[PDB]
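Just so it is clear, the values below take in all heavy atoms, side chains as well, and ignore hydrogens, waters and symmetry mates. By convention in this document, chain letters (A, B, ...) are assigned in the order of the sequence lines, proteins followed by strands, and residues within each chain are numbered from 1. Just so you know, ligand 1 is whichever comes first in the structure, and atom 1 is the first atom listed for that ligand.
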Amino acid sequence: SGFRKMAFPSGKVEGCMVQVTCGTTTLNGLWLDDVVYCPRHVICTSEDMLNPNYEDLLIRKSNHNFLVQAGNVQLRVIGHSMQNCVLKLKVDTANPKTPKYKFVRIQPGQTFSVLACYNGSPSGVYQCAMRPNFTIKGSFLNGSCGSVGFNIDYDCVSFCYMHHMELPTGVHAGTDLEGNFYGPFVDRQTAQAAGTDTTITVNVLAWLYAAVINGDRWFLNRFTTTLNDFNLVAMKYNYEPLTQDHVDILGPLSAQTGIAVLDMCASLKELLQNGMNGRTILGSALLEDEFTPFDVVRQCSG
Amino acid sequence: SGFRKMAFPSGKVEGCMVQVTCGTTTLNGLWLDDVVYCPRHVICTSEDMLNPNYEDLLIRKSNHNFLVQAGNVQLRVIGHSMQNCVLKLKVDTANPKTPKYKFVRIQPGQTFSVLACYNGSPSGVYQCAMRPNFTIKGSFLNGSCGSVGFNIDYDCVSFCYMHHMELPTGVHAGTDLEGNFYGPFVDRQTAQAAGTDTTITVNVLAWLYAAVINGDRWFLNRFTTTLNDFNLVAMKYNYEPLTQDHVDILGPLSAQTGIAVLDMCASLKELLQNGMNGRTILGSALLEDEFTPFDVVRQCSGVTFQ
Ligand SMILES: N#Cc1ccccc1CN1CCCN(C(=O)c2cncc(Cl)c2)CC1
Ligand SMILES: N#Cc1ccccc1CN1CCCN(C(=O)c2cncc(Cl)c2)CC1
Ligand SMILES: [Cl-]
Ligand code: NA
């Protein structure tokens, strides 16, 4: 029993973290085979950040301008190129600790583990969700750029996030490993803001199923609802719409607990309309939306 | 900025996890140098569990009755001994991935990372605190015994917990790496229950200081309190007493934010009386007690957002 925000074991990713230095800037890189991946903003000075022309800044750099340190060993940079907002530094040694991996782009609502790093050294691991507004509520300080997000699908690491910046509200923005930003953000010091966020409905339902599996049932009721009436309520409370795809994905949890998805939707409707009335669910006074249906099944059954 | 429940990177511990089998029972073991540590209850049947005589059960076992599997490799057991509630299996290979490590016994209120494992293979990592009633609120299923708790302040792993059992209320109990249980618990299937738990006051204060460092001051007030009046009020909400040791430990956070410890105590007294009135603190609608003063300093910026 028990239910905790759980990250994947980070060992396979720790063996890939390196320190990348360009001029006075030091940040983190991901070393896979003979390539080190890092944010392209490593080549910028503070003044360049206002309106950088990355192609022009890069042409002025030689391979020896990039210092890559893996533990206490210097790696030799033998090539460099850009792919979208990530710099790819070709090195002379393949990482002997390279795990089986893929680069995947995740959808809003999906969760992943973040390995926070400073000077190429891992400092902590925590679980995040890609918000509907394409930000992540992480915990990052100066020097954390290049820290990565991932999931592990068996023995294969799926890298899905690389950290680039913090927005004025204290939330975080980054790219996939192909350098495409999540959300309408850019790698330049211009005015940017997180858009209004919404709650991930399918994940709140998954967490209510986790609460039932763990013995917390007070919120269950005799009522059911239709998908259309439930979505009229969800919109009023700034919850994402629930689709038939979401209902299908919750199928297994519904079968195990004997609570149909629309039966759980009626409990959620009541919680949104009346609050918790001084009670908690899995030790929380708010409805948690950062556990996917898969996360619940993986932790509660495996 | 941001504030999350953050665990230590688990790689140094993943390289130590093995599977231990004795008869039909399989659980996890920790392989450090040439010794595999695991719960001694691996030698019990379900019937043995009511009143096991571990010395009598162990004397009937030979080294070859213990099967230890590290990845896809079988390790050879060449010795065995019991130390309190842990079994120590001497093996013929030293773990080449053994990190720099130590065994530390922790006090209530201290936090640590748990690497949940099943069949010697890591499943997930999360942060836990040793509750005042000597239990932990973890996430463990059948097969998780032998999973360990640790901290990694620097490059040295400090192992502080080994998982043995789940109590009737769904909370968890275990030992230090010398086999001494935390709390009054025993490794037998008798009626035992967790004592009434309380909130870890020093950690809630640490977390209020984290909220101030990150730019939030809404909960502060113009008042102060004496330590004794604070404790009289706190104990009415089932909060642990705050001692002069706790006040001293909060000194650095107090100096960084400019808020005296007893002034933060007055804010906590008011939050206990009023609740949050629809507001949140670091994204929570409840007062958080599983971040120590040391955890706050590790994670937070050294510059407060004034
Ligand atoms: N791309 C981009 C971008 C876009 C707008 C502005 C600034 C940047 C880059 N910028 C500069 C490098 C240093 N930096 C951190 O190291 C950092 C990371 N996360 C959290 C914190 Cl508090 C600090 C901030 C990010
Ligand atoms: N020591 C002790 C003790 C003392 C009282 C009763 C039972 C035990 C041992 N017992 C038997 C082995 C299997 N088991 C789990 O694998 C387990 C762990 N954590 C959580 C869950 Cl749900 C299950 C339960 C623990
Ligand atoms: Cl301690
Ligand atoms: Na219902």
Side-chain angles (χ1 to χ4, degrees), chain A residues 1-2 25-28 39-42 44-46 48-50 52 54 85-86 116-118 136 138-147 162-168 170-175 179 181 185-192 214 300, chain B residues 1-2 25-28 39-42 44-45 48-50 52 54 85-86 104-112 116-118 129-130 136 138-147 151 158 160 162-168 170-176 179 181-182 185-192 214 249 292 294 300-301 303 305:
Chain A
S1 316
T25 295
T26 177
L27 49 61
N28 308 281
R40 65 177 181 173
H41 69 63
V42 71
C44 300
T45 63
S46 290
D48 284 323
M49 218 62 94
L50 282 347
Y54 285 101
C85 304
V86 305
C117 302
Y118 295 88
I136 73 171
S139 174
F140 290 117
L141 297 176
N142 293 160
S144 61
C145 297
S147 292
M162 177 173 269
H163 184 56
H164 288 241
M165 58 190 234
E166 181 171 294
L167 293 165
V171 304
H172 301 106
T175 69
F181 264 91
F185 307 109
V186 298
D187 52 355
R188 83 161 61 93
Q189 285 185 358
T190 191
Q192 312 191 63
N214 281 272
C300 290
Chain B
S1 73
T25 297
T26 291
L27 46 63
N28 308 281
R40 69 178 179 171
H41 68 68
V42 72
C44 300
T45 64
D48 282 321
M49 279 314 287
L50 278 165
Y54 287 99
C85 304
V86 303
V104 182
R105 182 176 177 84
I106 62 174
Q107 296 301 316
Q110 181 64 266
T111 57
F112 56 93
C117 299
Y118 296 89
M130 178 55 60
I136 74 172
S139 171
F140 291 115
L141 298 173
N142 177 234
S144 61
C145 298
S147 294
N151 285 289
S158 290
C160 60
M162 177 172 269
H163 186 54
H164 287 241
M165 57 192 232
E166 181 168 297
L167 291 165
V171 303
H172 303 106
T175 68
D176 61 24
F181 262 89
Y182 284 103
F185 309 106
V186 293
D187 52 357
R188 84 188 242 242
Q189 283 187 356
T190 53
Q192 46 187 333
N214 286 19
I249 293 168
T292 72
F294 186 102
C300 283
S301 173
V303 172
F305 182 28

Inset, instruction - Rounded to the nearest 0.5 Å, what's the gap from CG on A:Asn28 to OG on A:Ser147? Could you check? - result: 4.5 Å
Inset, instruction - Check each heavy atom of A:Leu141 against ligand 1 and say whether those closer than 4.0 Å belong to the side chain, the backbone, both or neither. - result: backbone
Inset, instruction - Just need the protein heavy atom nearest to atom 8 (C) of ligand 1, so name the residue and atom and give the distance. - result: A:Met165 CB, 3.9 Å
Legend entry - Shortest non-hydrogen contact from B:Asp187 toward B:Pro52: O-CG, 4.0 Å
Legend entry - Closest candidate by heavy atom, reference atom 11 (C) of ligand 1, pool A:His172, A:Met49, A:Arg188, A:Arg40: A:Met49
Legend entry - Flag side-chain contact, heavy atom, 4.5 Å: B:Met49 against B:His41: yes
Inset, instruction - For residues A:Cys145 and A:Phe140, determine if any side-chain heavy atom of one lies less than 4.5 Å from a side-chain heavy atom of the other. - result: no
Legend entry - Heteroatom distance test (A:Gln192, ligand 1): nitrogen or oxygen, under 3.5 angstrom: no
Inset, instruction - Report the nearest protein non-hydrogen atom to atom 23 (C) of ligand 1: residue, atom name, distance rounded to 0.1 Å. - result: A:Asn142 ND2, 3.3 Å
Inset, instruction - Report the part of A:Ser1 in contact with ligand 2, treating N, CA, C, O as backbone and CB onward as side chain, heavy atoms under 4.0 Å; options are side chain, backbone, both, neither. - result: backbone
Inset, instruction - Starting from atom 16 (O) of ligand 1, find the nearest protein heavy-atom neighbour and note its residue, name and distance. - result: A:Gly143 N, 3.0 Å
Legend entry - For A:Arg188, salt bridge (charged side-chain N to carboxylate O under 4.0 Å, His left out) partners two or more places apart: none
Inset, instruction - Examine the side chains of B:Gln110 and B:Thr292 and answer whether a donor and an acceptor come within less than 3.5 Å of each other. - result: no
Inset, instruction - Report yes or no: does B:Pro39 have a heavy atom closer than 4.0 Å to ligand 2? - result: no
Inset, instruction - For A:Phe181, enumerate each residue passing the ring-ring contact (aromatic ring centres under 6.0 Å, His included) test, keeping only those at least two apart in sequence or located in another chain. - result: A:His164
Legend entry - Atoms of ligand 1, numbered as shown, that sit under 4.0 Å from any heavy atom of A:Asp187: 1 (N), 2 (C)
Inset, instruction - Show which atoms of ligand 1 fall inside a sub-4.0 Å distance from at least one heavy-atom site of A:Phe140. - result: 19 (N), 20 (C), 21 (C), 22 (Cl)
Legend entry - Close side-chain approach of B:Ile136 and B:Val171, heavy atoms under 4.5 Å: no
Inset, instruction - Please determine if B:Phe181 has a nitrogen or oxygen closer than 3.5 Å to a nitrogen or oxygen of ligand 2. - result: no
Legend entry - Shortest protein contact, atom 12 (C) of ligand 1 (heavy atom only): A:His41 CE1, 3.8 Å
Legend entry - For atom 13 (C) of ligand 1, closest protein heavy-atom neighbour: A:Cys145 SG, 4.1 Å
Legend entry - Close side-chain approach of B:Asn214 to B:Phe305, heavy-atom, < 4.5 Å: no
Inset, instruction - Using the six-membered ring wherever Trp is involved, compare the ring planes of B:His163 and B:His172 and label them parallel, tilted or perpendicular (cut-offs 30° and 60°). - result: perpendicular
Legend entry - For B:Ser144, the ligand 2 atoms whose distance to one of its heavy atoms is below 4.0 Å: 18 (C), 19 (N)
Inset, instruction - Measure from atom 19 (N) of ligand 1 to every heavy atom in A:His163, A:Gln189, A:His164, A:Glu166 and give the option owning the shortest one. - result: A:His163
